[PDB]
Amino acid sequence: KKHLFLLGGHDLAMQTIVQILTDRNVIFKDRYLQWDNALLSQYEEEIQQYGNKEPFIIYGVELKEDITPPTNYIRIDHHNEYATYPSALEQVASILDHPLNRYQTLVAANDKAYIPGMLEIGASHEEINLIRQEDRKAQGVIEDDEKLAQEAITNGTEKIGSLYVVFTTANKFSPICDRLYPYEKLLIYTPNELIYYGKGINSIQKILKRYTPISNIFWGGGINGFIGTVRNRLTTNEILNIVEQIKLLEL
Ligand SMILES: C[S@+](CC[C@H](N)C(=O)O)C[C@H]1O[C@@H](n2cnc3c(N)ncnc32)[C@H](O)[C@@H]1OP(=O)(O)OC[C@H]1O[C@@H](n2cnc3c(N)ncnc32)[C@H](O)[C@@H]1O
Ligand SMILES: [Mn+2]
């Protein structure tokens, strides 16, 4: 069986996947996608060419199946119903019998379980900082993202019980998490988007499903990971109601 890898949205783990695939002479396609455009249809041409074509197995790495996969397609993912699975990076390495070196295992732990993940395999303070900086960079965060993050923390943050609630107009949320960490619970929202981080995502999922179909929701990172809504799918009043419901859990 011959492998073809189709890559989803970029971050440090996806960049590490590119390196391993490049080193191992694997057939792969990388359209420089991001978290909010990682659609299988970005690779429609490749699906037409290799789909249902006997020798090949097509591995889709964190791609939304907006078109019907062919019979030789395998989804590689660790979100939603697969939120307990290892990072896509670890799954790809296993497919290729690739032993992850130390840096790569830190990348994988950060990708699946953030700073807590890196701490439980003994990452140092310098290692954690390099990984976070390189992850934000691979996501495309820039200076104006980091500036808006500081603004939201100074002027748009309030703490209710153990829950931080941050209103922001920032495009990228990861700079906010990295500035507020450590925290137990964090809710970041905009007029048309929210992401919740930390303890008890399952009760957050119960709230979200009263307002929107599951196709507008994503989660991962484990029991106390993250759960969010796809940008511009919910109205401001729906977001505001959800925010109130999440605050009520602190009572
Ligand atoms: C938590 S991140 C924040 C995205 C947010 N849009 C932003 O602006 O920064 C978003 C995750 O949701 C996924 N996602 C799915 N669909 C969409 C969509 N339509 N729009 C946006 N995001 C979508 C996306 O792939 C990513 O998962 P990943 O697994 O690829 O990456 C996880 C990232 O979060 C970090 N992370 C992992 N666990 C945690 C945690 N518990 N707390 C904070 N960060 C974590 C990890 O280091 C890595 O950088
Ligand atoms: Mn990813």
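Residues numbered from 1 in each chain as written, not as in the entry; some residues may be left out. Chains lettered and ligands numbered in written order. Heavy atoms only, no water.

In the nomenclature of the PDB entry, the chain is known as NrN of Bacteroides fragilis.

Chemist: What am I meant to see in the coordination of the manganese ion (ligand 2) here?
Modeler: Ideal coordination angles are 109.5 degrees for a metal with four donors arranged tetrahedrally and 90 or 180 degrees for a metal with six donors arranged octahedrally. For the manganese ion (ligand 2), the full set of protein donor atoms is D11 (OD) and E62 (OE), and the range of their distances to it is 2.5 Å. Of this pair, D11 sits in the loop between β1 (2-7) and α1 (12-23) while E62 sits in the loop between β3 (56-61) and β4 (73-76), and the two are 51 residues apart along the sequence. Under the relative-accessibility criterion, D11 is labelled buried at 2%. Look at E62 and you get buried, because its relative accessible area is 15%. (Donors = N, O, S within 2.8 Å, 3.2 Å for Na, K, Ca; no water. Helix = DSSP H or I, 4+ residues; strand = E, 2+ residues; numbered from the N terminus. Buried < 20%, exposed > 50% of the residue type's maximum accessible area, 1.4 Å probe, protein only.)

Chemist: Explain the packing of α1 against helix α4 (residues 102-119) to me, please; I cannot follow it from the model alone.
Modeler: In a packed pair of helices, the relevant descriptors are the angle between the two axes and the axis-to-axis distance. In the contact formed by α1 and α4, the axes pass within 9 Å of each other and the chain directions differ by 145°. For the element pair α1 and α4, the recorded crossing hand is left-handed. On α4, the residues that touch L12, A13, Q15, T16 and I20 of α1 are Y103, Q104, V107 and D111. Across the contact of α1 with α4, the residue classes tally to five nonpolar, three polar and one charged. (Axes fitted to C-alpha atoms, helices over the stretch in contact; angles between N-to-C directions. Left-handed = near helix turned anticlockwise from the far one by under 90°. Contact = heavy atoms within 4.5 Å. Nonpolar A, V, L, I, M, F, W, Y, C, P; charged D, E, K, R; others polar.)

Chemist: Can you help me understand the sheet that holds strand β2 (residues 27-29) in this one?
Modeler: Backbone hydrogen bonds hold the strands of a sheet together, and the pairing may be parallel or antiparallel. If you trace the four strands from one edge of the open sheet to the other, you get β2-β1-β3-β4, paired in parallel fashion. Strands at the two margins of the open sheet, each flanked by one partner only, are β2 and β4. Within this sheet the neighbouring strands show an average axis-to-axis angle of 20°, counted without direction. One ladder, built from six bridges, connects β1 with β3; its direction is parallel. Within β3, the residue paired with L4 across the bridge is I58. (Pairing = 2+ DSSP bridges.)

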